[PDB]
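Dumped input-v9.pdb below, it's PDB, C-alpha atoms:
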```
MODEL        1
ATOM      1  CA  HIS P   1      89.638  92.573  86.319
ATOM      2  CA  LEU P   2      93.166  91.401  87.210
ATOM      3  CA  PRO P   3      93.919  91.107  90.952
ATOM      4  CA  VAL P   4      96.200  93.751  92.462
ATOM      5  CA  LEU P   5      98.817  92.336  94.840
ATOM      6  CA  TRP P   6     101.615  93.764  96.988
ATOM      7  CA  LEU P   7     105.013  92.344  97.777
ATOM      8  CA  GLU P   8     105.855  92.473 101.466
ATOM      9  CA  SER P   9     108.844  94.637 100.537
ATOM     10  CA  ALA P  10     106.390  97.096  98.978
ATOM     11  CA  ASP P  11     104.238  97.076 102.114
ATOM     12  CA  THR P  12     107.381  97.645 104.181
ATOM     13  CA  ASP P  13     108.329 100.589 101.947
ATOM     14  CA  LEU P  14     104.815 101.943 102.442
ATOM     15  CA  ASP P  15     105.217 101.600 106.199
ATOM     16  CA  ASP P  16     108.699 103.145 106.196
ATOM     17  CA  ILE P  17     107.810 106.150 104.022
ATOM     18  CA  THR P  18     104.632 107.029 105.920
ATOM     19  CA  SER P  19     106.331 106.480 109.306
ATOM     20  CA  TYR P  20     109.034 109.088 108.676
ATOM     21  CA  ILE P  21     106.587 111.700 107.382
ATOM     22  CA  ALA P  22     104.113 111.114 110.220
ATOM     23  CA  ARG P  23     106.735 112.088 112.817
ATOM     24  CA  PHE P  24     106.228 115.628 111.447
ATOM     25  CA  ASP P  25     102.862 115.546 109.625
ATOM     26  CA  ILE P  26     100.309 112.739 109.932
ATOM     27  CA  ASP P  27      97.946 114.279 107.358
ATOM     28  CA  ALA P  28     100.761 114.702 104.832
ATOM     29  CA  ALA P  29     101.440 111.004 105.431
ATOM     30  CA  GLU P  30      97.803 110.071 104.797
ATOM     31  CA  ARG P  31      97.538 112.233 101.683
ATOM     32  CA  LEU P  32     100.578 110.432 100.287
ATOM     33  CA  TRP P  33      98.946 107.056 100.979
ATOM     34  CA  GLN P  34      95.633 108.148  99.438
ATOM     35  CA  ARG P  35      97.594 109.105  96.321
ATOM     36  CA  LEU P  36      99.627 105.885  96.142
ATOM     37  CA  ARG P  37      96.548 103.693  96.592
ATOM     38  CA  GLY P  38      94.745 105.726  93.915
ATOM     39  CA  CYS P  39      97.518 104.877  91.447
ATOM     40  CA  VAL P  40      97.641 101.157  92.202
ATOM     41  CA  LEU P  41      93.907 100.298  92.487
ATOM     42  CA  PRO P  42      92.998 101.070  88.817
ATOM     43  CA  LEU P  43      95.827  98.775  87.652
ATOM     44  CA  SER P  44      93.223  95.978  87.557
ATOM     45  CA  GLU P  45      91.705  97.656  84.495
ATOM     46  CA  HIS P  46      94.852  99.126  82.871
ATOM     47  CA  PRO P  47      97.749  96.782  83.727
ATOM     48  CA  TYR P  48     100.092  98.032  80.971
ATOM     49  CA  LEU P  49      99.183 101.729  81.252
ATOM     50  CA  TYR P  50     102.561 102.847  82.618
ATOM     51  CA  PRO P  51     105.837 102.605  80.667
ATOM     52  CA  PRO P  52     108.398  99.878  81.350
ATOM     53  CA  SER P  53     111.306 100.850  83.567
ATOM     54  CA  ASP P  54     114.774 101.303  82.076
ATOM     55  CA  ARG P  55     116.461 101.172  85.490
ATOM     56  CA  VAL P  56     114.926  97.823  86.466
ATOM     57  CA  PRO P  57     114.071  95.761  83.352
ATOM     58  CA  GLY P  58     110.937  93.685  83.811
ATOM     59  CA  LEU P  59     109.175  96.321  85.944
ATOM     60  CA  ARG P  60     106.952  99.304  85.187
ATOM     61  CA  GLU P  61     107.253 102.762  86.708
ATOM     62  CA  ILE P  62     104.453 104.952  88.091
ATOM     63  CA  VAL P  63     105.387 108.497  89.091
ATOM     64  CA  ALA P  64     102.670 108.845  91.729
ATOM     65  CA  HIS P  65     104.223 111.953  93.313
ATOM     66  CA  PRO P  66     107.075 114.293  92.322
ATOM     67  CA  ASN P  67     109.124 112.662  95.102
ATOM     68  CA  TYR P  68     107.848 109.051  95.063
ATOM     69  CA  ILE P  69     107.695 106.264  92.467
ATOM     70  CA  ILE P  70     105.806 102.949  92.411
ATOM     71  CA  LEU P  71     107.492 100.009  90.670
ATOM     72  CA  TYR P  72     105.222  97.150  89.602
ATOM     73  CA  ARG P  73     105.018  94.292  87.118
ATOM     74  CA  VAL P  74     102.304  92.265  85.381
ATOM     75  CA  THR P  75     102.569  88.516  85.990
ATOM     76  CA  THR P  76     100.653  85.653  84.362
ATOM     77  CA  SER P  77      97.815  86.072  86.890
ATOM     78  CA  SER P  78      98.076  89.470  88.614
ATOM     79  CA  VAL P  79      99.783  92.850  88.913
ATOM     80  CA  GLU P  80     102.353  92.947  91.723
ATOM     81  CA  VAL P  81     103.584  96.130  93.387
ATOM     82  CA  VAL P  82     107.298  95.470  93.860
ATOM     83  CA  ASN P  83     108.614  98.572  95.653
ATOM     84  CA  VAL P  84     107.707 102.166  96.514
ATOM     85  CA  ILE P  85     110.782 104.382  96.419
ATOM     86  CA  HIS P  86     111.841 107.989  96.789
ATOM     87  CA  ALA P  87     112.536 109.456  93.361
ATOM     88  CA  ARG P  88     115.637 111.422  94.441
ATOM     89  CA  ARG P  89     116.896 109.666  97.601
ATOM     90  CA  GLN P  90     118.011 106.093  98.303
ATOM     91  CA  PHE P  91     114.979 105.712 100.544
ATOM     92  CA  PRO P  92     113.622 103.627 102.052
TER      93      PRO P  92
ATOM     94  CA  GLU O  16     127.687 109.667  89.106
ATOM     95  CA  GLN O  17     124.881 110.096  91.636
ATOM     96  CA  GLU O  18     122.509 108.433  89.148
ATOM     97  CA  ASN O  19     124.729 105.340  89.002
ATOM     98  CA  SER O  20     124.613 104.921  92.775
ATOM     99  CA  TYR O  21     120.836 105.398  92.731
ATOM    100  CA  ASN O  22     120.322 102.798  89.995
ATOM    101  CA  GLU O  23     122.649 100.268  91.629
ATOM    102  CA  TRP O  24     120.908 100.790  94.973
ATOM    103  CA  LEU O  25     117.519 100.383  93.299
ATOM    104  CA  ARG O  26     118.445  97.219  91.377
ATOM    105  CA  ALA O  27     119.813  95.660  94.567
ATOM    106  CA  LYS O  28     116.637  96.734  96.383
ATOM    107  CA  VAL O  29     114.427  95.040  93.787
ATOM    108  CA  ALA O  30     116.673  91.961  93.740
ATOM    109  CA  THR O  31     116.127  91.675  97.500
ATOM    110  CA  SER O  32     112.389  92.231  96.998
ATOM    111  CA  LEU O  33     112.220  89.437  94.418
ATOM    112  CA  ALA O  34     114.195  87.010  96.612
ATOM    113  CA  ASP O  35     111.640  87.326  99.435
ATOM    114  CA  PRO O  36     110.049  83.924 100.240
ATOM    115  CA  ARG O  37     106.898  85.527 101.616
ATOM    116  CA  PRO O  38     103.972  85.596  99.156
ATOM    117  CA  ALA O  39     102.403  88.714  97.696
ATOM    118  CA  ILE O  40      99.576  90.404  99.572
ATOM    119  CA  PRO O  41      96.165  91.557  98.268
ATOM    120  CA  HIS O  42      95.560  95.296  98.070
ATOM    121  CA  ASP O  43      92.652  94.623 100.440
ATOM    122  CA  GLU O  44      95.156  93.712 103.181
ATOM    123  CA  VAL O  45      97.540  96.643 102.613
ATOM    124  CA  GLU O  46      94.581  99.004 102.942
ATOM    125  CA  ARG O  47      93.851  97.306 106.273
ATOM    126  CA  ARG O  48      97.411  97.618 107.618
ATOM    127  CA  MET O  49      97.731 101.218 106.466
ATOM    128  CA  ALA O  50      94.482 101.876 108.332
ATOM    129  CA  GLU O  51      95.879 100.002 111.333
ATOM    130  CA  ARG O  52      99.066 102.087 111.216
ATOM    131  CA  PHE O  53      97.432 105.519 110.969
ATOM    132  CA  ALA O  54      95.061 104.627 113.821
ATOM    133  CA  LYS O  55      97.893 103.595 116.147
ATOM    134  CA  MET O  56      99.806 106.742 115.160
ATOM    135  CA  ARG O  57      96.870 108.955 116.150
ATOM    136  CA  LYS O  58      96.308 107.120 119.440
ATOM    137  CA  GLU O  59      99.964 108.012 120.150
ATOM    138  CA  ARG O  60      99.131 111.746 119.952
TER     139      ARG O  60
ENDMDL
END
```
Could you spell out this file's structure in structure tokens?
Amino acid sequence: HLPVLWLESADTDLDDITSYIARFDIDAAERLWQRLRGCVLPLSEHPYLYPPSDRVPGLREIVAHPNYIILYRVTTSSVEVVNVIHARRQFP
Amino acid sequence: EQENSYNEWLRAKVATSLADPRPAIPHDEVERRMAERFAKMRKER
């Protein structure tokens, strides 16, 4: 198994996205986190499962939710989550 | 034209993410902070 890591920017995205939603729906915020974590955890076993990004060369794109995308890369020693972004908005 | 602004914003966002001096964080720890955040959010209700 290859260790799954998170960039601080990715953690900050996580915090930003779930903060805005929670101001109106805490459970909708948790369900989104349970989905994002469920996409990133199995990367230890399938590091190259998702296609490489054409927007950001060198990264790979997970469409975890119709509105949210996880961008990650495989290094020499780990898989790093780079950013978690809104698929249609420049957010966060 | 809205796709060009999105891609430029996203490339600049990743470029900032990759310039960050702080080291990457185990999934372990992000699960802990997410748990810390949801708990503080519920105590605020």
Name the residues captured by the PyMOL selection byres ((chain O and resi 22-39) around 6) when it is applied to the shown file; answer as a VMD selection string.
-> (chain P and resid 5 to 7 9) or (chain O and resid 19 to 21 40)
Residues of chain P within 9 Å of chain O: nearest atom pair and distance (Å, one decimal) for each, counting all atoms listed in the file, sorted by chain and number, as CSV?
```
residue,atom,partner,partner_atom,distance
P:3,CA,O:41,CA,7.7
P:4,CA,O:42,CA,5.9
P:5,CA,O:41,CA,4.4
P:6,CA,O:40,CA,4.7
P:7,CA,O:39,CA,4.5
P:8,CA,O:39,CA,6.3
P:9,CA,O:32,CA,5.6
P:10,CA,O:32,CA,8.0
P:11,CA,O:45,CA,6.7
P:14,CA,O:49,CA,8.2
P:15,CA,O:49,CA,7.5
P:18,CA,O:53,CA,8.9
P:19,CA,O:52,CA,8.7
P:22,CA,O:56,CA,7.9
P:26,CA,O:53,CA,7.8
P:29,CA,O:53,CA,8.8
P:30,CA,O:53,CA,7.7
P:33,CA,O:49,CA,8.1
P:37,CA,O:46,CA,8.1
P:40,CA,O:42,CA,8.6
P:41,CA,O:42,CA,7.7
P:55,CA,O:22,CA,6.2
P:56,CA,O:26,CA,6.1
P:80,CA,O:39,CA,7.3
P:81,CA,O:39,CA,8.7
P:82,CA,O:32,CA,6.8
P:83,CA,O:29,CA,7.1
P:85,CA,O:25,CA,8.4
P:88,CA,O:21,CA,8.1
P:89,CA,O:21,CA,7.6
P:90,CA,O:21,CA,6.3
```
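Taking atom CA of residue P:64 and atom CA of residue P:52 as endpoints, the distance between them is 14.9 Å.
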What gap, in Å, lies between atom CA of residue P:86 and atom CA of residue O:16?
->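 For atom CA of residue P:86 relative to atom CA of residue O:16, the distance reads 17.7 Å.
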Between atom CA of residue P:63 and atom CA of residue P:38, what is the distance, to one decimal in Å?
->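 Between atom CA of residue P:63 and atom CA of residue P:38 the gap is 12.0 Å.
Of the residues under consideration (P:27, P:92, P:67, P:2), P:2 shows the shortest atom-to-atom contact distance to residue P:43 when counting only C-alpha atoms.
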Spatial neighbours of residue P:35, max dist 8 Å, only C-alpha atoms, sep filter under 4 positions, as a compact mmCIF listing (two decimals) with C-alpha atoms, keeping the file's coordinate frame:
```txt
# COMPACT_ATOMS: atom_id res chain seq x y z
CA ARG P 31 97.54 112.23 101.68
CA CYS P 39 97.52 104.88 91.45
CA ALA P 64 102.67 108.84 91.73
CA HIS P 65 104.22 111.95 93.31
```
